[PDB]
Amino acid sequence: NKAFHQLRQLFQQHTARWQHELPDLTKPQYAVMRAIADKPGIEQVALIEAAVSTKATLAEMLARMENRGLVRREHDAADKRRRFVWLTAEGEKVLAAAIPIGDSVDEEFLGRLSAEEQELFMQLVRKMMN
């Protein structure tokens, strides 16, 4: 088989479990909220790398989060293209409730590996990346 083919299978199974347990928060949405909480006021262009997204995908997703009162943003006075992102009080509640759920979904797959197998799996993924 192809290694990237079975990776799609493992990823699809992970997405299927994640969607069932967290119907209103996908993994890219969850990663965006986690990165904002790790660095309140993070610049939106830096949030692209921190949450593994794109400029267009993040701008769309942040606009929906903003419209639902979960995300607050400010602008650079010298360049309104630059924006800084914060979690609202409701956003902190949504993220705090999702963290134990998301951790349990990861544990369903990672828990099948030993501690040495988990630490090494992280080494191989990092070795393949650019």
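All residue numbers refer to positions in the sequence shown, first residue = 1. Note that the rigid core is defined as the largest set of C-alphas that superpose within 1.5 Å between two forms.
Divergent stretch in 5 other deposited structures of this protein, 79-87 or 50-58 [C-alpha RMS, superposed by the core]: The answer is 50-58, which departs more from the shown form in 5 other deposited structures of this protein.
Using the B-factors recorded in the PDB entry, average over the C-alpha atoms of 117-125 and of 16-24, then report which stretch comes out higher. Looking at the recorded C-alpha B-factors, 117-125 comes out higher on average.
Check the entry's C-alpha temperature factors for 67-75 and 97-105, then say which stretch has the higher mean. The stretch with the larger mean CA B-factor is 67-75.
Going by the recorded CA B-factors, say which third of the chain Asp38 sits in, lowest, middle or highest. Its C-alpha B-factor, which the entry lists for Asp38, ranks in the highest third among residues of this chain.
Using only modelled residues of the chain, where does the Cα B factor of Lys55 rank: lowest third, middle third or highest third? For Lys55, whose C-alpha B-factor we compare with every modelled residue in the chain, the answer is the lowest third.
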